[PDB]
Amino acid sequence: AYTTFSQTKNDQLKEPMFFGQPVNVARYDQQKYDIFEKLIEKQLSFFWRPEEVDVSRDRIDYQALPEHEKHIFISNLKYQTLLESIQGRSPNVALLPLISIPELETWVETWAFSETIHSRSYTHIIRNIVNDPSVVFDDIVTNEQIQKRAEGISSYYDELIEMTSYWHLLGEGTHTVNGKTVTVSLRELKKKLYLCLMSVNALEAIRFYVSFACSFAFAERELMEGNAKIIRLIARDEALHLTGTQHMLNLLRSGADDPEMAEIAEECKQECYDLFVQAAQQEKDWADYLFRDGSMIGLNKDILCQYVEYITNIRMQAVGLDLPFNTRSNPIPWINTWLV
């Protein structure tokens, strides 16, 4: 029941963000929520080309790094690459088919595009600091430790995508597919989308910032400057991305959009909460692998765990969730230098 151009003439200002009539005409002279049009404009003004960034000094710095520091740097970079690869395609494949207002549709496609740029920036770095990029990339696929911290992200997207396909193909109701009773509930699909959004928020607002911190710890040492410039540009984009999800989520919560969504947000707020807690624990567990061969002066498991609790509390409060961790001050104030 999905269409690349619905023939019904509809008022796009009255459609909900998700699950309404598929978007027809892409117009930008008006919007239901101008925040998304503002995000598109901002992201477009931030356009940057990875290959332009000079990383010729990074090869020297990297090779000069002690084995354990190279391990920290490379493990962190491989994790960023993993998430970036997923973020480049998922917003488009999982969300795009469910959007019913033009400004949000284009925001998602712009957001997804900026992610491929980030992935390209990572190839640019890897390619210039290692002899064979294939070892780094192949390792990303295997290596349980990396897939361990990312566990749950791709599977959630995949589940939303599958449920969406059933909805579009069969419509709401109880069906019989190859002798099996398959239930298709729009309410259930909405919750899956809602929670997918919460997970993407946790991903970009928490997981990536923890990685930024690890990257900048080297920048603080006057090392890996090329990579540092790239991380600064990426973080600049990420701030827009998480701003977008925080708005989608808080707007759905307000009851000003789809009424059922506000009900859903309230109904499963414990799931939203649990999603962040698990995400936070995963970042902590990752520390054991990251520092397996040793840590660095101002970068270890304790400092990383403290930062996770710090950033998690801030992100959760921004979407109206109770705080799971004790409140504390920024364990690494030096990161402000590299951010904003």
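Residue positions are given as counts along the sequence shown, with the first one as 1.
*Pick between 123 to 131 and 249 to 257: the one whose mean CA B-factor in the entry is higher.*
123 to 131 has the higher mean C-alpha B-factor.
*Using the B-factors recorded in the PDB entry, average over the C-alpha atoms of 39 to 47 and of 281 to 289, then report which stretch comes out higher.*
That would be 281 to 289.
*From 314, 26, 275, 308, pick the one with the largest CA B-factor in the entry?*
Top of the list by C-alpha B-factor: 275.
*Kindly indicate the residue among 105, 138, 204, 237 with the greatest C-alpha B-factor in the PDB record.*
Of the candidates given, the C-alpha B-factor peaks at 138.
_Chain-relative CA temperature factor third for residue 78_ = Within its chain, residue 78 is a middle-third residue by C-alpha B-factor, going by the deposited values.
*Looking at the C-alpha B-factor of residue 171, is it in the lowest, middle or highest third of its chain?*
Its C-alpha B-factor, which the entry lists for residue 171, ranks in the middle third among residues of this chain.
*According to the PDB entry, is the CA B factor of residue 84 in the bottom, middle or top third of its chain, that is, lowest, middle or highest?*
Middle third.
_Third of the chain, ranked by Cα B-factor, where residue 232 sits_ = CA B-factor rank for residue 232: middle third.
*Can you tell me which third, lowest, middle or highest, the CA B-factor of residue 225 falls into for its chain?*
Top third by C-alpha B-factor.
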